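K.L.:
Next up is a structure, given as structure tokens.
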Amino acid sequence: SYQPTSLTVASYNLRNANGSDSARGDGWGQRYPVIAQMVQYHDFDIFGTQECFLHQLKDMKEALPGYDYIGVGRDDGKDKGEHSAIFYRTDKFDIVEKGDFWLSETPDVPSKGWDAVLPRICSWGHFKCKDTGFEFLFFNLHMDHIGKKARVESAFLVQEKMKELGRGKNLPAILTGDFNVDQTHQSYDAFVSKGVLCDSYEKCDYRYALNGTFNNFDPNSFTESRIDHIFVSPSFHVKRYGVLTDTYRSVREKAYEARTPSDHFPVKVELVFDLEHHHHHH
Amino acid sequence: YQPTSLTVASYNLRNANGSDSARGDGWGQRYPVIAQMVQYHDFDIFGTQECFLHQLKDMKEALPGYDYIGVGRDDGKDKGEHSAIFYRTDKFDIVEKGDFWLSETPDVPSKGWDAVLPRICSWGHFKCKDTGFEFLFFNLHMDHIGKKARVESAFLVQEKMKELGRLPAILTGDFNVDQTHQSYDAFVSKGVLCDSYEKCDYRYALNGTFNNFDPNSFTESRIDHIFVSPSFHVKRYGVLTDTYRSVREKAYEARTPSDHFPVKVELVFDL
Ligand SMILES: [Br-]
Ligand SMILES: [Br-]
Ligand SMILES: [Br-]
Ligand SMILES: [Br-]
Ligand SMILES: [Br-]
Ligand SMILES: [Br-]
Ligand SMILES: [Br-]
Ligand SMILES: [Br-]
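Keeping their order, the protein sequence lines are chains H and S.
When the letters of the first sequence are read in order and numbered with the numbering used here, they come out as residues 50 to 331.
When the letters of the second sequence are read in order and numbered with the numbering used here, they come out as residues 408 to 678.
Below you can see the structure in the form of structure tokens.
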């Protein structure tokens, strides 16, 4: 028999480790243990991350017993630069296949695309659930902030890869990432306007959204802009969407102040997939 | 056989008053967020403190799959703050329920010992619909002034558990003082009950439990506890620091859904 599958997924920009944040009291070394606690407490089965240098990935894996990650450095396709690394529970999934492509006219080589200013990488894995055998694609990326044409072109390249990487089969896909611009933009429409993918924010049964997704390390910020998304094939049923606003505290240089674990909030989505019946038709 | 899993919580929802409202922490603004936390964080059954009847009505309306038990501490009916226990109606049946005041005369609305206000403990004998597991759930709010009252109340509560339990027990509440005080010791020093904070397999505690409506506060004091019979397996403990935003007198500021954080505890009873 074919059992339905439940998954908890997330997208979380962990913020690259740098000296400016550290000086402001938002240093990686102070933040990441809290990030790891959130992943554990909020039961992320598999999640896309953005902005991590390799040293940050190693820290996170050390802080996350039972997780591994996939995804290469965007600068040279090896250890250099920020990653779009995907973390997953090794006791829950096997990797059937994994890869990376750059968001450009030449996706196989580290390169800037169209009008973008930095190279940008999408990392992916074809996963298989150890319990139910359910197979799916999980993509993760971080879009360019300057190149509008690049963002739009990127959206369609990702959709082409979603088909290509099925290897002849119709594999359901989950796409996470930092998309840099909000839901009013053309590159957002590029994913959803034809119903190839659905925004979990829009399709969830239950929405818990006390904020948008960027906070700029400001624990008082508010916006309705969402720049971190989880898009899914319409064959998934989206049960619940949450933005996690959890904060820790630091001593004010006893007086304390709220600190955000990263300069984004994680987006957490709970999905169900019915192997027998998962088609939509109107 | 199948074991039983429960998510329980304790949450002081803060009495509705005009001072909080003027400061921008008004009940009408807070409770929709509190209700969302209850739902998003999957509370199966939770103890509340400080609610007047009207606040309980608001909560029941915002939580259509829930009902509550517990009477007002002023008159034993509808008047005064409650120690109301909310529960998912699709997960539990109520076998029996009751309330007692934390005093030398537990049967009637009354102040105890050196306490300055009447304090009530409300309880239910619940039966899980999936497994048939039965247990007691107690919930209270201790006095802020009466030290002897707090200590005596701890033993009275344990006495009532013995009487009624004669059923594994869970006890939630705002105990007003922290883990360094004698009334805390009175609960745990003999192994009758265990502090979820200490016994949990996994601890998520980015703060203590009281915040005074200050989104920047920090303390190692925990004044809200979930104590459980030793027979429970405590899987995980969390203090939920979620915050919403209000327009600053646009510019925004963080707001806490109440002046305490909820304590959420995931339990398993196996065998
Ligand atoms: Br590195
Ligand atoms: Br699974
Ligand atoms: Br765009
Ligand atoms: Br912002
Ligand atoms: Br479909
Ligand atoms: Br009332
Ligand atoms: Br509900
Ligand atoms: Br005491």
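By construction, the Cβ of each residue, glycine as well, lies at the ideal position given by its N, Cα and C atoms.
Could you give the distance in angstroms between the alpha-carbon of H/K212 and the alpha-carbon of H/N229?
P.N.:
24 Å
K.L.:
S/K555 and S/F507 - do their beta-carbons sit closer together than 8 Å?
P.N.:
no
K.L.:
Beta carbon of H/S284: closer than 7 Å to some heavy atom of ligand 5?
P.N.:
yes
K.L.:
Where does H/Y51 land, buried or exposed, given buried means 16+ other C-beta within 10 angstroms?
P.N.:
exposed
K.L.:
Under 8 Å Cβ to Cβ from H/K127, same chain only, skipping five residues before and after it: list those, please.
P.N.:
When the five nearest sequence neighbours on each side are left out, the beta carbons in the same chain lying within less than 8 Å of the beta carbon of H/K127 are those of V121, in order along the chain.
K.L.:
Given a limit of 7 Å on CB to CB distance, which residues of the region 618-642 of chain S reach chain H?
P.N.:
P622, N623, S624 and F625
K.L.:
Go through the region 605-660 of chain S residue by residue and report every complete run of the beta strand (DSSP E) that reaches 3 residues or more, in order.
P.N.:
609-611, 631-635, 640-646 and 651-654
K.L.:
Would you identify the three-state DSSP class for H/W163, choosing helix, strand or coil?
P.N.:
Secondary structure of H/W163 (DSSP, three-state): coil.
K.L.:
Can you find a CB in chain S that lies within less than 8 Å of the CB of H/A307?
P.N.:
yes
K.L.:
Can you give me the C-alpha to C-alpha distance between H/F187 and S/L470, rounded to a whole angstrom?
P.N.:
35 Å
K.L.:
Starting from the Cα of H/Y116, find the closest Cα among H/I276, H/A134, H/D125 and H/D124 and give me that residue.
P.N.:
H/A134
K.L.:
Below 8 Å on the Cβ atoms is my contact criterion, and I expect H/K317 with H/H91 to pass it. Report the Cβ-Cβ distance as a whole number of Å.
P.N.:
6 Å
K.L.:
Is the beta carbon of S/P471 within less than 7 Å of some heavy atom of ligand 7?
P.N.:
Yes - ligand 7 has a heavy atom lying nearer than 7 Å to the Cβ of S/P471.
K.L.:
In terms of residues, what are the limits of the beta strand (DSSP E) holding H/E319?
P.N.:
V316 to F322
K.L.:
Would you call the CB atoms of S/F617 and S/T626 closer than 8 Å?
P.N.:
yes
K.L.:
Using a Cβ-Cβ cut-off of less than 9 Å, list which residues of the region 289-303 of chain H approach chain S; keep chain order.
P.N.:
Per Cβ criterion, the list reads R289, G291, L293, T294, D295, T296, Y297, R298, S299, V300, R301 and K303.
K.L.:
Quick check: is any heavy atom of ligand 5 less than 7 Å from the C-beta of H/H326?
P.N.:
no
K.L.:
Work out the CA separation of H/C178 and H/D94 for me, nearest whole Å.
P.N.:
11 Å
K.L.:
Would DSSP call H/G68 helix, strand or coil?
P.N.:
helix
K.L.:
Please indicate yes or no: does the CB of S/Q589 lie closer than 7 Å to some heavy atom of ligand 8?
P.N.:
yes
K.L.:
What does DSSP give as the partner residue(s) for S/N546 in the beta ladder?
P.N.:
S/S529 and S/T579
K.L.:
Buried or exposed: which applies to S/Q565, given that a residue is buried once 16 or more other Cβ atoms fall within 10 Å of its Cβ?
P.N.:
buried
K.L.:
If you check the beta carbons only, do S/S417 and S/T579 fall under 8 Å apart?
P.N.:
yes
K.L.:
Using three-state DSSP, classify S/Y438 as helix, strand or coil.
P.N.:
helix
K.L.:
Using DSSP's beta-bridge definition, name the partner residues of S/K597.
P.N.:
Partner(s): none; S/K597 has no beta bridge.
K.L.:
S/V670 CB to nearest chain H CB: under 8 Å?
P.N.:
With respect to chain H, the C-beta atom of S/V670 has no partner C-beta closer than 8 Å.
K.L.:
Where S/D621 and S/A661 are concerned, what is the direct C-alpha to C-alpha distance, given to the nearest angstrom?
P.N.:
9 Å
K.L.:
Consult DSSP for H/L56 and reduce its assignment to one of helix, strand or coil.
P.N.:
strand
K.L.:
Hey, quick one: how far does the beta strand (DSSP E) through S/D465 stretch, first residue to last?
P.N.:
Taken as a continuous stretch (DSSP letters only), S/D465 belongs to no beta strand (DSSP E), being part of the alpha helix (DSSP H) at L460 to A469.
K.L.:
Report the residue from H/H326, H/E325, H/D125 and H/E319 whose alpha carbon sits nearest the alpha carbon of H/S55.
P.N.:
H/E319
K.L.:
Sorry if obvious, but does the Cβ on H/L63 come closer than 7 Å to a heavy atom of ligand 1?
P.N.:
no
K.L.:
Does H/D94 come out as helix, strand or coil in the three-state DSSP assignment?
P.N.:
coil
K.L.:
Using DSSP with H/G/I as helix, E/B as strand and the rest coil, what is S/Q456?
P.N.:
strand
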